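Text of target13.txt (compact mmCIF, N, CA and C atoms) as supplied:
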```txt
# COMPACT_ATOMS: atom_id res chain seq x y z
N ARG H 1 -56.52 -52.42 36.24
CA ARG H 1 -55.91 -52.53 34.92
C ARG H 1 -54.50 -53.12 35.02
N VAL H 2 -54.39 -54.25 35.70
CA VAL H 2 -53.10 -54.92 35.86
C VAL H 2 -52.96 -56.08 34.89
N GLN H 3 -51.79 -56.18 34.27
CA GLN H 3 -51.52 -57.25 33.31
C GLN H 3 -51.06 -58.52 34.02
N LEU H 4 -50.85 -59.58 33.25
CA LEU H 4 -50.41 -60.85 33.81
C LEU H 4 -49.63 -61.66 32.78
N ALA H 5 -48.82 -62.60 33.25
CA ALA H 5 -48.03 -63.44 32.37
C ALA H 5 -46.88 -62.65 31.74
N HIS H 6 -45.69 -62.82 32.30
CA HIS H 6 -44.51 -62.12 31.80
C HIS H 6 -44.11 -62.65 30.42
N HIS H 7 -44.49 -61.91 29.38
CA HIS H 7 -44.17 -62.31 28.01
C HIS H 7 -44.70 -61.28 27.01
N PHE H 8 -44.20 -61.34 25.79
CA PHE H 8 -44.62 -60.42 24.74
C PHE H 8 -45.91 -60.89 24.09
N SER H 9 -46.71 -59.94 23.61
CA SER H 9 -47.98 -60.26 22.96
C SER H 9 -48.43 -59.12 22.05
N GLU H 10 -49.61 -59.27 21.46
CA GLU H 10 -50.15 -58.26 20.57
C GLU H 10 -49.14 -57.88 19.49
N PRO H 11 -48.88 -58.82 18.57
CA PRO H 11 -47.94 -58.62 17.47
C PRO H 11 -48.44 -57.61 16.44
N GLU H 12 -49.69 -57.17 16.62
CA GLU H 12 -50.29 -56.20 15.71
C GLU H 12 -49.83 -54.79 16.04
N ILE H 13 -48.67 -54.68 16.67
CA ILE H 13 -48.12 -53.38 17.04
C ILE H 13 -48.05 -52.45 15.84
N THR H 14 -47.34 -52.88 14.80
CA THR H 14 -47.19 -52.08 13.59
C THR H 14 -48.54 -51.59 13.09
N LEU H 15 -49.53 -52.48 13.09
CA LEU H 15 -50.87 -52.14 12.63
C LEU H 15 -51.42 -50.95 13.41
N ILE H 16 -51.34 -51.02 14.73
CA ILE H 16 -51.83 -49.95 15.59
C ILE H 16 -51.17 -48.62 15.23
N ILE H 17 -49.85 -48.65 15.06
CA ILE H 17 -49.10 -47.45 14.72
C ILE H 17 -49.52 -46.91 13.35
N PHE H 18 -49.55 -47.79 12.36
CA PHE H 18 -49.94 -47.40 11.01
C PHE H 18 -51.31 -46.72 11.01
N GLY H 19 -52.27 -47.35 11.68
CA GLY H 19 -53.61 -46.80 11.74
C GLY H 19 -53.63 -45.38 12.28
N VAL H 20 -53.05 -45.20 13.47
CA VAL H 20 -53.00 -43.88 14.10
C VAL H 20 -52.22 -42.89 13.24
N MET H 21 -51.19 -43.38 12.56
CA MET H 21 -50.37 -42.54 11.70
C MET H 21 -51.17 -42.02 10.52
N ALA H 22 -51.91 -42.91 9.87
CA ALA H 22 -52.73 -42.54 8.73
C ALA H 22 -53.86 -41.60 9.14
N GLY H 23 -54.54 -41.94 10.22
CA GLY H 23 -55.63 -41.11 10.70
C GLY H 23 -55.18 -39.72 11.09
N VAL H 24 -54.16 -39.64 11.93
CA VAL H 24 -53.63 -38.36 12.38
C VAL H 24 -53.28 -37.46 11.20
N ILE H 25 -52.41 -37.96 10.32
CA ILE H 25 -52.00 -37.20 9.15
C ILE H 25 -53.20 -36.78 8.31
N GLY H 26 -54.15 -37.70 8.15
CA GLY H 26 -55.34 -37.40 7.38
C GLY H 26 -56.10 -36.21 7.91
N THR H 27 -56.40 -36.23 9.21
CA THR H 27 -57.13 -35.14 9.85
C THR H 27 -56.41 -33.81 9.65
N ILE H 28 -55.10 -33.81 9.87
CA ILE H 28 -54.30 -32.61 9.72
C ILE H 28 -54.50 -31.98 8.34
N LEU H 29 -54.36 -32.79 7.30
CA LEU H 29 -54.54 -32.32 5.93
C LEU H 29 -55.91 -31.69 5.74
N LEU H 30 -56.95 -32.43 6.10
CA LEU H 30 -58.32 -31.94 5.98
C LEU H 30 -58.51 -30.64 6.75
N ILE H 31 -58.12 -30.65 8.02
CA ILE H 31 -58.24 -29.47 8.87
C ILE H 31 -57.54 -28.27 8.25
N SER H 32 -56.30 -28.47 7.82
CA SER H 32 -55.52 -27.41 7.20
C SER H 32 -56.27 -26.80 6.02
N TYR H 33 -57.11 -27.60 5.38
CA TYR H 33 -57.88 -27.15 4.23
C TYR H 33 -59.01 -26.22 4.67
N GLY H 34 -59.61 -26.54 5.82
CA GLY H 34 -60.70 -25.72 6.34
C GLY H 34 -60.25 -24.32 6.70
N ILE H 35 -59.04 -24.21 7.24
CA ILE H 35 -58.50 -22.91 7.63
C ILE H 35 -58.28 -22.02 6.42
N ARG H 36 -57.95 -22.63 5.29
CA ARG H 36 -57.71 -21.89 4.05
C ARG H 36 -59.02 -21.42 3.44
N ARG H 37 -60.03 -22.28 3.48
CA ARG H 37 -61.34 -21.95 2.92
C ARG H 37 -61.33 -22.04 1.40
N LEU H 38 -60.28 -21.50 0.79
CA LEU H 38 -60.14 -21.52 -0.66
C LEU H 38 -61.41 -20.99 -1.33
N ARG V 1 -58.95 -77.28 28.41
CA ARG V 1 -59.15 -76.00 27.75
C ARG V 1 -60.36 -76.04 26.82
N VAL V 2 -61.49 -75.55 27.31
CA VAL V 2 -62.72 -75.54 26.52
C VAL V 2 -63.79 -74.67 27.18
N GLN V 3 -64.39 -73.79 26.39
CA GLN V 3 -65.43 -72.90 26.90
C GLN V 3 -64.87 -71.96 27.97
N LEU V 4 -65.43 -70.76 28.05
CA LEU V 4 -64.99 -69.78 29.03
C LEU V 4 -63.49 -69.52 28.91
N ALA V 5 -62.96 -68.70 29.81
CA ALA V 5 -61.54 -68.37 29.80
C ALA V 5 -61.19 -67.45 28.63
N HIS V 6 -62.13 -66.58 28.27
CA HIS V 6 -61.93 -65.65 27.17
C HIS V 6 -61.34 -66.36 25.96
N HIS V 7 -62.22 -66.96 25.15
CA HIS V 7 -61.79 -67.67 23.95
C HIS V 7 -60.87 -66.80 23.10
N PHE V 8 -59.64 -67.26 22.89
CA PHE V 8 -58.67 -66.52 22.09
C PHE V 8 -59.21 -66.26 20.69
N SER V 9 -58.49 -65.44 19.93
CA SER V 9 -58.90 -65.10 18.57
C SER V 9 -57.74 -64.47 17.80
N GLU V 10 -58.05 -63.89 16.65
CA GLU V 10 -57.04 -63.25 15.82
C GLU V 10 -57.64 -62.07 15.04
N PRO V 11 -57.95 -60.99 15.76
CA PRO V 11 -58.53 -59.78 15.17
C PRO V 11 -57.53 -59.03 14.29
N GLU V 12 -58.00 -57.96 13.65
CA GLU V 12 -57.15 -57.16 12.78
C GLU V 12 -57.84 -55.86 12.40
N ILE V 13 -58.94 -55.97 11.67
CA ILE V 13 -59.69 -54.80 11.24
C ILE V 13 -59.97 -53.86 12.41
N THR V 14 -60.52 -54.40 13.48
CA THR V 14 -60.83 -53.61 14.67
C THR V 14 -59.64 -52.78 15.10
N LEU V 15 -58.47 -53.41 15.18
CA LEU V 15 -57.25 -52.73 15.58
C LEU V 15 -56.98 -51.53 14.68
N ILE V 16 -57.04 -51.76 13.37
CA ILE V 16 -56.80 -50.70 12.40
C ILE V 16 -57.74 -49.53 12.62
N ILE V 17 -59.01 -49.83 12.83
CA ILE V 17 -60.02 -48.80 13.06
C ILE V 17 -59.74 -48.04 14.36
N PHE V 18 -59.52 -48.78 15.44
CA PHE V 18 -59.24 -48.18 16.74
C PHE V 18 -58.06 -47.22 16.65
N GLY V 19 -56.98 -47.68 16.03
CA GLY V 19 -55.80 -46.85 15.89
C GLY V 19 -56.09 -45.53 15.20
N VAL V 20 -56.68 -45.61 14.01
CA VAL V 20 -57.02 -44.41 13.24
C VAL V 20 -58.01 -43.54 14.00
N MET V 21 -58.91 -44.18 14.75
CA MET V 21 -59.91 -43.46 15.52
C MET V 21 -59.25 -42.63 16.63
N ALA V 22 -58.34 -43.26 17.36
CA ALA V 22 -57.64 -42.58 18.44
C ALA V 22 -56.75 -41.46 17.91
N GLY V 23 -56.01 -41.75 16.85
CA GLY V 23 -55.13 -40.76 16.26
C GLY V 23 -55.88 -39.56 15.73
N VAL V 24 -56.89 -39.81 14.90
CA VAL V 24 -57.69 -38.74 14.33
C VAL V 24 -58.24 -37.82 15.41
N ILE V 25 -59.00 -38.39 16.34
CA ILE V 25 -59.58 -37.63 17.43
C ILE V 25 -58.51 -36.87 18.21
N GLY V 26 -57.38 -37.53 18.44
CA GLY V 26 -56.29 -36.90 19.16
C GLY V 26 -55.81 -35.63 18.50
N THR V 27 -55.49 -35.72 17.21
CA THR V 27 -55.01 -34.57 16.45
C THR V 27 -56.01 -33.42 16.51
N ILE V 28 -57.28 -33.73 16.31
CA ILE V 28 -58.34 -32.73 16.34
C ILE V 28 -58.29 -31.93 17.63
N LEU V 29 -58.27 -32.63 18.76
CA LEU V 29 -58.22 -31.99 20.07
C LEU V 29 -57.02 -31.05 20.17
N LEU V 30 -55.84 -31.58 19.88
CA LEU V 30 -54.61 -30.79 19.94
C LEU V 30 -54.71 -29.57 19.03
N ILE V 31 -55.06 -29.80 17.77
CA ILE V 31 -55.19 -28.72 16.80
C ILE V 31 -56.16 -27.65 17.30
N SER V 32 -57.33 -28.09 17.76
CA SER V 32 -58.35 -27.17 18.26
C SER V 32 -57.79 -26.28 19.36
N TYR V 33 -56.80 -26.80 20.08
CA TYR V 33 -56.17 -26.06 21.17
C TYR V 33 -55.29 -24.94 20.62
N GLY V 34 -54.62 -25.22 19.51
CA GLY V 34 -53.75 -24.23 18.90
C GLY V 34 -54.51 -23.01 18.40
N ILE V 35 -55.69 -23.24 17.85
CA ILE V 35 -56.52 -22.16 17.33
C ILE V 35 -56.98 -21.24 18.46
N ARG V 36 -57.18 -21.81 19.64
CA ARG V 36 -57.62 -21.04 20.79
C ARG V 36 -56.48 -20.19 21.36
N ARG V 37 -55.26 -20.71 21.25
CA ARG V 37 -54.09 -20.01 21.75
C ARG V 37 -54.17 -19.81 23.26
N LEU V 38 -54.88 -20.71 23.93
CA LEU V 38 -55.04 -20.64 25.38
C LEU V 38 -55.45 -22.00 25.95
```
Whole structure, structure tokens version:
Amino acid sequence: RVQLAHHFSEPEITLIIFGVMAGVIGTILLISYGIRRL
Amino acid sequence: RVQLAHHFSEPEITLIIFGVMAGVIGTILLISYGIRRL
């Protein structure tokens, strides 16, 4: 798993973060709801 | 430059899905650990 070519790439950085951010937060909310049962 | 050499591209959707997928699953695992308290 070694990289090559000294330079920046994958400009979709923000996208990756946003996705994980939305998913993580989403699961938390849903999960928190299960514990309550209501 | 033609054929082979991993034809470049410009994805997006996949990235968004992967991110949310990793984040969601990640939170679940961590959360599940808290409920166990061990």
Extract, using only N, CA and C atoms, all DNA, RNA and protein residues at most 8 Å from range 7-17 of chain H, discarding same-chain residues fewer than 4 positions from it, and format them as a PyMOL selection string. (chain H and resi 21-23) or (chain V and resi 11-12+15-20)
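Here chain H has been superposed onto chain V using all C-alpha atoms in order, and the two differ by 5.8 Å RMSD.
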Just how far from atom N of residue 28 in chain V is atom N of residue 36 in chain H, in Å to one decimal?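 Atom-to-atom, atom N of residue 36 in chain H to atom N of residue 28 in chain V, that is 15.7 Å.
For the atom pair formed by CA of residue 25 in chain H and CA of residue 26 in chain V, the distance is 10.9 Å, given to one decimal.
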Select from chain H everything DSSP, run on the backbone, classes as alpha helix (DSSP H), then give the selection as a PyMOL selection string. chain H and resi 13-36
